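Read off the chains here:
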Amino acid sequence: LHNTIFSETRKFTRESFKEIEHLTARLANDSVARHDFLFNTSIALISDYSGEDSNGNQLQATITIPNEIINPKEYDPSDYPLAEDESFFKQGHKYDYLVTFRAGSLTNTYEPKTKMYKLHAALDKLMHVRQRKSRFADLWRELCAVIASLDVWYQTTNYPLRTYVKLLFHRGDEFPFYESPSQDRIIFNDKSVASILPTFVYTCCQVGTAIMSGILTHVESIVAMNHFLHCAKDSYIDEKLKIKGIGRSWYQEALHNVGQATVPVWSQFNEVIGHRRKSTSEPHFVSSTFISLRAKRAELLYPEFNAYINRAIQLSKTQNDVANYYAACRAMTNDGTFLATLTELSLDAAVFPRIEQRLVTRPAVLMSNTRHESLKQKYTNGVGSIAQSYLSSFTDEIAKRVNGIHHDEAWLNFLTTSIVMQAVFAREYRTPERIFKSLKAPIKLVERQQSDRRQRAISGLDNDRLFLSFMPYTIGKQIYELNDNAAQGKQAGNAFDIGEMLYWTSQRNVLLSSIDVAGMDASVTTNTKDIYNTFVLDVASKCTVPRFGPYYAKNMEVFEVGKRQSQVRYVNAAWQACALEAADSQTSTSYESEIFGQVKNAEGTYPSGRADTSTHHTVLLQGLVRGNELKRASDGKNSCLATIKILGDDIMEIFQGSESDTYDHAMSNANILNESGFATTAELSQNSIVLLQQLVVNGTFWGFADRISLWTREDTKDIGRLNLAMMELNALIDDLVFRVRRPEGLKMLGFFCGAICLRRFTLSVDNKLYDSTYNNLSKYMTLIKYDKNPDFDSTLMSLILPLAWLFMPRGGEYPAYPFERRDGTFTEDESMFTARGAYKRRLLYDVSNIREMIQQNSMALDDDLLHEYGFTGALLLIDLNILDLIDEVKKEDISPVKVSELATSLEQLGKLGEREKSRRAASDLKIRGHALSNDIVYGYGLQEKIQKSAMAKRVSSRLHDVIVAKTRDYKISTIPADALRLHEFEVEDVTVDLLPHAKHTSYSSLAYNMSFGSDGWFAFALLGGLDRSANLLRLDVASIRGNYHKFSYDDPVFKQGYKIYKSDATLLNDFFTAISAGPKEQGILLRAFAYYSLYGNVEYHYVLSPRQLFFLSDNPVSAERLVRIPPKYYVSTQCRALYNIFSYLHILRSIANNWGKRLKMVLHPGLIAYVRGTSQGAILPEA
RNA sequence: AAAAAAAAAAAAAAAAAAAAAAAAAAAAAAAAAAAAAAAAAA
RNA sequence: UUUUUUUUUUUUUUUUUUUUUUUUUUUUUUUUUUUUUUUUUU
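- Structure determination for this entry, per the PDB record, employed cryo-EM and reached 3.9 Å resolution.

1. Considerations on the sheet that holds strand β24 (residues 954–955)
- With mixed pairing, three strands are arranged side by side in an open sheet as β22-β20-β24. The sheet is open, and its two borders are formed by β22 (794–797) and β24, each paired with just one other strand.

2. Remarks on the packing of helix α6 (residues 160–169) against helix α8 (residues 218–231)
- For the pair α6 and α8, interaxial distance at closest approach is 9 Å and the crossing angle is 30 degrees. Accordingly, the angle class assigned to the pair α6 and α8 is roughly parallel. Side by side, α6 and α8 meet where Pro160, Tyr164 and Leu168 of the first sit next to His218, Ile222, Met225, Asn226 and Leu229 of the second.
- Residues that form the contact of α6 with α8 fall into these classes: six nonpolar, two polar and no charged.

3. What to know about the protein's contact with RNA strand B
- Lining the immediate surroundings of RNA strand B are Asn881, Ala931, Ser933, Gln1056 and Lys1059.
- When the atoms of RNA strand B within 4 Å of the protein are sorted by group, sugar and phosphate make up 93%.
- Within the side chain of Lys1059, an N or O atom sits 3.5 Å from a base nitrogen of RNA strand B.
- Its residues assigned to classes, the surface near RNA strand B shows one nonpolar, three polar and one charged.

4. Some words on the sheet that holds strand β14 (residues 589–590)
- Spatially, three strands are ordered β8-β7-β14 in an open sheet, and the strand pairing comes out mixed. In the strand order of this sheet, the two ends are held by β8 (456–459) and β14, each with one partner.
- Summarising the sheet, strand β7 (residues 443–448) and β14 pair through two bridges and their orientation is parallel. Among the inter-strand pairings, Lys444 is bridged to a residue of β14, identified as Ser590.
- On the sheet, helix α15 (residues 343–351) packs against β7, β8 and β14 and is oriented at approximately 95 degrees with respect to β7.

5. So, the protein's contact with RNA strand C
- Lining the immediate environment of RNA strand C, one finds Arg954, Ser956, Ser957, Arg958, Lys1059 and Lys1062.
- Contacts to RNA strand C include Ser956, whose side-chain N or O atom sits 2.5 Å from a phosphate oxygen.
- Going through the elements one at a time, α38 (957–966) and α42 (1052–1063) are the ones with two or more residues in the surface near RNA strand C.
- In terms of residue class, the surface near RNA strand C is made up of no nonpolar, two polar and four charged.

6. A short note on the domain arrangement of chain A
- On domain assignment, one finds that chain A holds domain 1 (1–246 + 721–757), domain 2 (249–332), domain 3 (344–696) and domain 4 (888–953 + 976–1179).
- If you average the C-alpha positions of domain 1 and of domain 2, the two centres end up 30 Å apart.
- If you look at the interface, domain 1 gives 21 residues, while domain 2 gives 18 residues.
- At the boundary of domain 1 and domain 2, one finds one salt bridge.
- In this structure, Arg311 engages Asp53 in a salt bridge whose closest nitrogen and oxygen atoms are separated by 2.5 Å.
- Of all the secondary-structure elements, those providing two or more residues to the side of domain 1 that touches domain 2 are α8 and α9 (236–247).

7. Topic: helix α28 (residues 722–735)
- In this model α28 runs 20 Å from its N-terminal to its C-terminal C-alpha over 14 residues, within 8% of the 20 Å that 1.5 Å per residue would give.
- The element α28 is largely enclosed, with a buried count of 13 among its 14 residues.

8. As for the packing of aromatic side chains
- With the rule as written, the count across this model stands at 72 aromatic pairs.
- Considering the side-chain rings of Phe6 and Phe12, the 5.2 Å spacing of their centres and the 25 degrees angle between planes classify their relative orientation as stacked. Here the two residues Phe6 and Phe12 agree in accessibility, since each one is buried.
- On the basis of an interplanar angle of 45 degrees and a centroid distance of 5.6 Å, the ring pair of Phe88 and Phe596 is categorised as tilted.

The rules behind the values
Residues numbered from 1 in each chain as written, not as in the entry; some residues may be left out. Chains lettered and ligands numbered in written order. Heavy atoms only, no water. Pairing = 2+ DSSP bridges. Helix = DSSP H or I, 4+ residues; strand = E, 2+ residues; numbered from the N terminus. Axes fitted to C-alpha atoms, helices over the stretch in contact; angles between N-to-C directions. Parallel < 35°, antiparallel > 145°, perpendicular 65-115°, else oblique. Contact = heavy atoms within 4.5 Å. Nonpolar A, V, L, I, M, F, W, Y, C, P; charged D, E, K, R; others polar. Near = heavy atom within 4 Å. Polar contact = N/O pair within 3.5 Å; in protein donor to acceptor, adjacent residues only side chain to side chain. Domains from an automatic or database assignment. Salt bridge = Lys/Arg side-chain N within 4 Å of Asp/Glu carboxyl O. Expected span 1.5 Å × (residues − 1). Buried < 20%, exposed > 50% of the residue type's maximum accessible area, 1.4 Å probe, protein only. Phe/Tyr/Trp six-rings, centres within 6.5 Å; stacked < 30°, edge-to-face > 60°.

Given below as structure tokens:
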């Protein structure tokens, strides 16, 4: 495989392509040929080696595998101990994850129904099951995808990673272990093999993605694996989590030693204006921690990797150097993984309450109940008054808003989400009997698995426990309207997300402190709530609501501090609720297991997965920091601040002024976060913003490529649906575009992800018909015969896809390689910037040689070519509806990862009246006879993400008749709208004059694709910038619809909108309320109905993922100056911007073959005839 | 006068694809009741 | 034979996967007719 006609050419031809298809067939299907392919006895085992650093400095690394992985210690059950009473694991057990040991040393010698037997059963579950995490298929097919891509890329197997695969995973003539989705277990064959290797499969996969991606060279892979195997001496993850923090904080060393390095000057609006040369030297108070990190990286690290870090300090010249060595040192200490074990194993050191620093003191309680509870309470000092001197100013404004809402509706609506539900609300919620079942309701512990960090405990949803805390959220969320402090904002996905981070990194006199606060769950004690409780109460005293069920506004007896007797004062409903909510607070997350029964936690554990909890932590943090600004302003010291953003786990703070007025204020904010009880590490620098999966230094973007996990699902549940899987893959590759230093490797790697991983598709055919479907399908397709089983109604027969399916318009939508026409002229290689959608239908025409299509003046496709490569078969498999459907509720989850989880937290309980409004809307449509599919309605949604989160293909006669129908002669069907794709571009001899920001981004690259003279940088020089305007438009669409859905006639939204329009036009208002249609959305649809009825279905449709173009322009006006259109086309056609869309999508489509020359436009005459008969705004309903 | 072939246009019955909606079939999941087997105190 | 666990047989309600049947909805298309023109023979 390392050779081929392909791997030495990289094009697709008659020979090369079909060889790739036929060969990946056996690298996928066969469970033998994979054992050869990986484990072949002809490879040179590497002893020493000489590679390069990621920047080209030549290192020399050696492959050393420890014996403890080769000959593991036997199982010594002092690793996981128990308490004497065996109520729960012993405190301070060093191992919260799997310890290495022999696979067959752990067995059950014990009778059922004991605590030991359930230990060995639960750990026996832990290594065999919880170590099974994979996306597409068997983990060995994943190693074959990565490793195959490595071979084809480097045209050899000389490289080290394969020798790790051979030394580690080949101990015998078979695979040491495999995984069966029937049992959902990793079944060991060799019982002398180590226990933790099935994770090192996924680890070798991730490292391989680092090599193909371009981050880690081969030597860097050797140091990576050496580090891993060294951390696997005792416990893999357990000994990583010590390192992962310290292994990366260095670059501030490197950035300190770089001295003067240039940088692009950002602007607030997301332009790039100048480029300045600034000193990167860290100030004194930052340079003092350098000694501590020096001493600390010695005592803890693997020696070779430590020497590689010191090497990354000494030998880094410019800033780009620090970025590269940081992507390396980040890929070495960290993997695409999901850290997981038995929840009760990691429960303590994660969610168990932690108390340190200084305690918190009570506010003096001025107003009380007859129960001696708290009504009004106010602080002596310090921290309470520090927060209240800020937060307590919003109460005046928040009273007006909380009074306006009708809070009986604020609950009813939420019950109807997740009439006759009112009578449910009352029977139930009108009695004070409700708060009994509330107070006595246990709280389930729901853990969520994180990529690079430990299991995160999340507080769960409905009902009653949230029903206690609903009101103080109804008051508490109002501050989001009144502040820039917290960020709940819309996620665009573009660089517009990061724009202001870049802005403040490029300003002068800046001190950037990004605090990692993530311990807010177990670091918030019981008294640390009162900082928020005084706020919510002091708002509720102003708030007047007559009833929030079951609370009546009524005269209640109160005791003040200065008054001995009881007094009569009118007490509202929200004031009573907020009196009990603080007056009764019990947070115990009790995980019920099979081992220990029902475990429990003490209180002061307040995990933030919800609107209540997140809006608690954000209000606390705001009050603390801004109130501290007011405190410094009250002591006369000038308060230095610019912006403060509370992200999900991270606080942003930005300063100006001298080092004393910045610094002293920074230390003051740190000291007041410590006096509130939180022990956090503030990260202070002239230039950096650390956060998570966003690293912003000097106005560049270093963003983390490891946080994306290519090979591992979080749910571990395999899904045999091919379309959905390839959507996962395409979306991840869209996430890694600007996070990967060389994202050509993503295209090969992802390609063999498509070929090797997702290929075979099992389907049962009713036994009266077997060889018939095998005939019709096996003409084009390639199947696997079976023997009809002993009297089953339907017997399984698999289907291995034609490899050409990955490139097809409705099939896999992927950045295709260049094919070969009959002219010997290859097509254009796609650069990762391409349109997934009806635009991919052009390839059928590129293979037909569109230039002759225009020279012959004909409409046609070659089924000779396309049949020879296998496009016709793939289009059978697409047209036969054989594959597995996808909703838009699944596309509601796109799976890019978000900067701030805060949005995902608040939108659980957010927008109740809206989702209820669209609910009653769509239900009214359903009552009137025209219904809507559950994908389209803005109401519902999130429900299978919420309501059904808490709960527990056959070939029939019809399919046979359809197959018989289409499979005699397929003859790929030509939709007349395809005339739009018959344009093609001549290459002129002039040159394009680049935009000014080319030179600004020419020195220190923005992201890892922006390096000088590279696809990202050059395409950026040609187009390269966002529209803040247009992005604000699509955001104005976003939070309303919940997402930005770029319109097209193929969307079921438009379809079921047109059914209504055509049939009953009086329901369009109800329909628009059901889909949450904003004003311009309504306008666009009402234009698309007229255009769609007049002209039929006519559009030129494409999809550019907002993550796919992170810095690049979505607006296709930037291609005007790039191409030229001969005046012939100006004469006849009245249309313009469509041609700018062709030129746009094409220029993004190549940028590799593009050396900077300008292009022309050649239009097929049938294209002109097709355009001049259809209005421009019909093809493009948006503009 | 004739009819037919060929070119193209207009109209017309019918299979199919897909959203929603109804009935049946199958198979699996969760609970219950009636015949029997082993049993721990009597 | 009174107190407790499982299993098999039979029965019910509900749930899900797929199949089949029926309709409205929205498009693709054998076949028939009429019309503008060329061709042929008595």
